[PDB]
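Engineer: Shown below is the structure under consideration.
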Amino acid sequence: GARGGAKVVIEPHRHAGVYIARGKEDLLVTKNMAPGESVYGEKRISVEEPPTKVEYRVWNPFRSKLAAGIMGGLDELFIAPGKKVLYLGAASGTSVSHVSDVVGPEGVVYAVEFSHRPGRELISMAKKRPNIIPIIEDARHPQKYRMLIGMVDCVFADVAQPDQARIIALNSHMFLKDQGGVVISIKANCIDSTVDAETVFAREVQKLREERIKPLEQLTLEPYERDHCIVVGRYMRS
Amino acid sequence: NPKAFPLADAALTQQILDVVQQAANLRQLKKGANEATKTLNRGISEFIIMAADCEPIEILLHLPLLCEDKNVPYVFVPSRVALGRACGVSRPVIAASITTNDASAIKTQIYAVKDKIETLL
Amino acid sequence: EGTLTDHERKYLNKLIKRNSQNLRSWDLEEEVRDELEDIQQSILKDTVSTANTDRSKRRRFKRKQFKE
Amino acid sequence: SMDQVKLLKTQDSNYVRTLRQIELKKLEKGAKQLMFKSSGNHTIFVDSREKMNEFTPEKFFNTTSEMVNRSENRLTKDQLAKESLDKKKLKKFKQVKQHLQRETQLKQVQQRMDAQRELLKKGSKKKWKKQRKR
Amino acid sequence: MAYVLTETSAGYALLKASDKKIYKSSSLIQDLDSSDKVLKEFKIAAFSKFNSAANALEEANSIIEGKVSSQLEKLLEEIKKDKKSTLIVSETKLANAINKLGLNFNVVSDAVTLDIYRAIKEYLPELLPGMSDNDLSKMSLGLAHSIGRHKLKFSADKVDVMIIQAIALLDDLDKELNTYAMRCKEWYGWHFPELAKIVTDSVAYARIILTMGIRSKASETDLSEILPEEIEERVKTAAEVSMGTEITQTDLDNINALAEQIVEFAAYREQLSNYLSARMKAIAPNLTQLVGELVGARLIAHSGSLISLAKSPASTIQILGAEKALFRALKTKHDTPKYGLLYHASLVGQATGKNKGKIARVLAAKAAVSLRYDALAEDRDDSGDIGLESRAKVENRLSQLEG
Amino acid sequence: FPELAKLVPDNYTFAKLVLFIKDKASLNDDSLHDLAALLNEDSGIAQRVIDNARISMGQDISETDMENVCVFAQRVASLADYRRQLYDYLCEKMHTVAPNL
Amino acid sequence: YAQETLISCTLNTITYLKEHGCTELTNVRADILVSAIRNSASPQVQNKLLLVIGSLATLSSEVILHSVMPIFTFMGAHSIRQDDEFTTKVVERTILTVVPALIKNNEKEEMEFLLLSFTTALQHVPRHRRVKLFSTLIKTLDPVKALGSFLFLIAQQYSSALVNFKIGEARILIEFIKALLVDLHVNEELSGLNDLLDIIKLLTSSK
């Protein structure tokens with residue numbers, strides 16, 4: 001598809017900080033915080049703009065669930081430039097870098113991960129991106145790393161755990177702003193594989209509702225991913 | 001052996017040690033750690049079996065990292081001498097892999113075992 | 001401030017038209033989509049595979065159900 | 001297929017796989033290069049039935065009818081305020097297809113090579129008789 | 001009096017609440033919505049700023065483990081004068097921990113104080129005059145990385161990247177030293193061209209120019225320490241019958257200085273070799289015990305990381321360095337290479353004939369064994385024991401295979 | 001100390017500054033004056049390095065490791081001095097050999 | 001801390017009285033309050049004292065702000081000087097309450113006095129706070145009538161800057177004043193220019 005010889009046209013996406021590369025093939029794209037290097041081997045689009053040479057990173061949706069949400073057409077993304085953003089289940093910088101891209105230098109990204117091995121690649125990537133604050137800790141006890149986190153306008157959790165909802169529940173109570181953002185990616189197989197997906201996705205919605213989270217939208221991620229979806233809701237403390 | 005995880009349990013190991021036996025008979029078994037690594041790289045493995053009693057255990061601890069990278073299920077059995085005997089050899093086998101073949105005559109129970117390992121994981 | 005008169009609500013409506021027509025050229029024609037989607041789905045099924053996953057749900061579903 | 005037979009009768013296990021692994025990687029880069037159109041199912045939650053009945057796609061996103069159909073890039077309406085080319089797209093979508101077709105073809109040839117060489121292997125071969133090897 | 005223990009990446013903050021049971025009011029959200037209200041409700045009592053990034057880490061780790069630190073204990077001690085006062089603390093564990101200290105304080109940790117902590121943590125950049133949000137963000141950002149290294153057991157003496165640049169540097173340093181060497185050969189060769197054919201070693205060639213400036217010095221100058229007896233007298237004879245022309249002291253001064261560069265380049269090259277040796281015996285001692293240090297550094301470099309080579313199966317480890325013979329051989333129906341980079345290991349050297357092939361397979365297999373213990377072992381002892389026993393097994397194989 | 005590489009873009013000054021500031025932990029007001037003597041405080045880097053050295057992500061390297069940095073940095077300094085010497089010799093030599101050209 | 005709780009209590013009671021809508025307080029006096037800012041060097045005590053007079057601008061208006069002008073002098077030199085947003089809030093709140101109250105009370109002399117107090121510290125004001133604070137003062141005062149006084153006072157500094165060769169400081173004054181004259185409307189801008197020229201004519205007549 002996209003090749004060094006090919007020329008592409010970059011235009012803005014409906015979401016601030018998300019960009020589209022037209023041409024032969026229509027790419028989901030973000031500005032690079034650290035130009036000249038690819039975090040997970042993603043291809044890079046470099047453009048002349050008045051002339052400064054701005055550099056971009058391709059966002060592969062098959063690799064990042066959030067990007068799969070973009071192409072599926074999420075109505076609202078609380079993740080945007082100039083916002084504090086808290087990320088749970090941070091295996092590596094495959095998606096954090098792109099989230100670090102959209103927030104921009106002004107924003108910050110709080111990355112949380114539990115396993116020692118995936119974390120070491122995350123901290124290596126955090127060195128290139130000053131706006132990422134890496135947290136090697138279990139999300140089941142947000143009290144441990146309350147030390148290191150301010151507020152967060154939006155919490156988006158990719159923890160593939162049966163107890164994912166509570167992990168969101170506790171973190172949102174600790175840090176999330178009132179009327180703040182909540183974006184949950186769900187994989188029904190982990191929490192309950194026995195029952196069909198549709199009943200599973202309904203079940204979690206009530207749990208978020210029980211935790212004063214008002215769900216706004218949800219999106220299943222085929223053809224990229226099976227038995228998955230992203231749920232979007234707002235934190236109504238009152 | 002804390003790191004060997006998940007470790008198949010006494011009931012489960014039979015269904016594991018059972019399936020490997022026919023796979024050896026039908027030549028669908030790749031045995032020994034180095035062969036297992038081949039199968040993951042080529043992606044011709046249903047799943048991989050490791051022995052927890054190995055000394056020093058780490059030798060197989062590279063295989064899991066390759067496993068979740070490729071989304072291939074894996075499980076540990078308690079005894080290596082048991083595994084090699086099930087493989088059909090005179091030497092203990094620490095790691096073994098089942099070769100992918102949808103046309104095999106033992107096809108059903110392999111995936112039945114695969115599901116159980118997936119639940120175990 | 002929501003002080004739009006009739007005139008402003010038409011000029012912007014023209015802009016809504018103007019930009020929307022432009023993006024159609026990038027969005028490409030329908031007939032190629034009819035064939036491109038056929039090529040698209042066939043790539044996806046193999047690379048994702050997932051035939052085993054769909055069946056495995058049935059095997060799990062069948063196994064759990066009581067047999068009378 | 002005549003191609004597999006000529007490949008099967010004149011090439012070696014060493015050769016076949018090396019091609020098979022090349023295409024597997026080059027397919028992966030190709031598939032990664034390709035992007036698809038959403039088939040994802042998607043639901044809206046609404047507070048009240050009266051709010052539900054008056055719900056319409058135009059209002060929710062603040063967009064137009066041409067754009068509701070476009071889930072990928074449904075810009076807000078406030079934000080708004082090639083036959084050879086489209087053929088080149090299809091070649092890329094098609095150019096990866098020959099890899100996918102080729103890869104199973106090479107996979108088939110490798111499997112036949114492995115089956116024959118296994119037969120040449122020294123064994124009981126009653127179908128192999130259960131016999132522990134020393 | 002009600003006190004709140006608030007922990008900040010800059011330091012510990014105590015906040016004395018005007019209401020002793022502020023944690024028992026149900027309108028806390030409304031009362032603490034704005035910066036002005038929270039400043040009125042809470043006024044700073046004591047603040048201990050972390051003097052150094054290190055001190056922050058133990059202080060942070062103490063918070064993680066629920067233990068009261070000395071700085072917190074002293075800072076809490078400053079308020080002990082206030083009899084019958086209430087401590088509001090985020091954590092029950094720290095609440096219970098402060099409780100064993102037995103200070104004259106009723107410690108409270110409940111869900112209601114969550115709202116205070118949310119609100120106090122809301123306007124923290126304002127609540128702490130003198131520190132900006134960016135500075136807090138930077139201090140927050142830094143403390144994470146320091147904590148992150150500690151939890152992941154990161155150690156300065158256990159990073160494989162150093163080898164990769166060192167080996168790349170070592171290959172680099174060999175190149176220029178040669179380029180400067182040939183230049184000193186040509187530049188000094190003009191004065192005395194016959195040196196090069198006699199003495200081939202670059203460092204020895206440079207040292208001669210240091211001891212001797214001009215061929216007239218050749219008659220009396222002694223080159224014993226640089227050269228053996230027979231070679232030193234050859235260069236002496238070549239001096240008088242030299243075909244080259246005399247050069248000025250200005251030319252001598254600079255060409256000498258070049259000779260100084262050669263030897264000091266050489267001196268550091270040995271230092272880097274010793275430095276590389278030390279690194280490998282720390283990151284991969286078992287591998288070094290088996291294959292060696294020069295080869296092992298190349299081993300990790302070809303893969304790019306210890307984990308990658310650790311995940312690389314041993315058969316690959318055999319033939320990582322002869323791919324072009326390989327992929328040429330595989331595509332062309334010819335025998336494949338069987339040593340790769342491992343041909344330069346010591347062990348393969350003692351082997352002979354076809355046995356050299358067999359050792360490579362055995363040694364490559366054992367190389368994976370030593371490495372994976374070098375790579376994936378969480379509490380590895382820097383002894384190389386797994387390599388040493390592996391080395392013994394290979395040697396026994398060769399003794400029988402050779403005999 | 002990754003931030004420092006950005007502070008002093010001129011490589012030669014960076015090497016000299018590294019030779020002095022061997023460990024970013026060591027930060028004194030007197031040391032601030034000494035590094036302030038290196039180059040000039042007009043750019044303000046002298047205050048930046050103290051502030052940046054206080055808060056930075058640079059992972060500490062072992063004593064042997066930093067020994068390589070300073071000596072290898074010392075190696076770069078010598079070549080720059082030599083290159084200046086050779087340049088003067090070349091300037092003199094052309095005047096003697098080809099004064100006209 | 002005795003005074004610290006004392007001032008908070010008064011703010012507590014003033015809020016309660018405001019709820020009951022006490023029209024005016026007869027014997028309340030600000031001289032005690034003003035002395036506190038002078039005597040109490042604690043900024044927080046001073047800031048709370050500023051909160052108090054702000055609430056007290058509503059209650060007993062024109063009867064307890066006869067000597068409110070000193071508070072402006074101290075804030076122009078002290079409160080605005082500190083780069084604390086809370087001190088930015090109190091000076092912001094004081095300007096939007098006390099200054100209108102002074103108008104409700106020879107009304108030009110105090111207005112320009114308010115302008116002199118803050119303008120003398122213009123170069124002292126933080127840049128990010130400079131535009132906003134003076135932007136607040138121009139709006140609360142009648143901009144048509146006050147802008148001319150602004151533009152002349154700024155005219156004096158930059159002129160001294162050129163005489164002082166402070167070109168960098170001189171240029172800064174242009175962007176601030178221009179960015180200040182941004183926020184205004186068209187009618188406001190022209191009136192001040194007319195007022196500035198009138199001041200210039202007054203000077204020319206004097207010579």
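The first residue you see is number 1, and the count goes up from there.
Cβ coordinates come from backbone N, Cα and C, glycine included.
Marked as ubiquitin cross-link by Swiss-Prot: A:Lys65. According to Swiss-Prot, the feature asymmetric dimethylarginine maps to A:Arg3, an assignment based on experimental evidence. What Swiss-Prot lists as omega-N-methylarginine is A:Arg3. What Swiss-Prot records for A:196-228 is region 'Helical'.
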Engineer: Which secondary structure state does DSSP assign to A:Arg3 (asymmetric dimethylarginine), in the simple three-class scheme?
Structural biologist: coil
Engineer: Per DSSP, what is the residue count of the region 'Helical' (A:196-228) in each of helix, strand and coil?
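Structural biologist: DSSP composition of the region 'Helical' (A:196-228): 14 helix, 8 strand, 11 coil.
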Engineer: State the count of C-beta atoms found within 10 angstroms of the C-beta of A:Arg3 (asymmetric dimethylarginine), not counting that atom itself.
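Structural biologist: If we count other Cβ atoms within 10 Å of A:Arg3 (asymmetric dimethylarginine), we arrive at 11.
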Engineer: Measure from the CA atom of the residue listed as 'ubiquitin cross-link' to the CA atom of the residue listed as 'asymmetric dimethylarginine' and give the result in Å, rounded to a whole number.
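Structural biologist: Cα of the residue listed as 'asymmetric dimethylarginine' to Cα of the residue listed as 'ubiquitin cross-link' measures 24 Å after rounding.
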Engineer: Take the Cβ of the residue listed as 'ubiquitin cross-link' and count every other Cβ within 10 Å, whichever protein chain it belongs to.
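Structural biologist: A count of 22.
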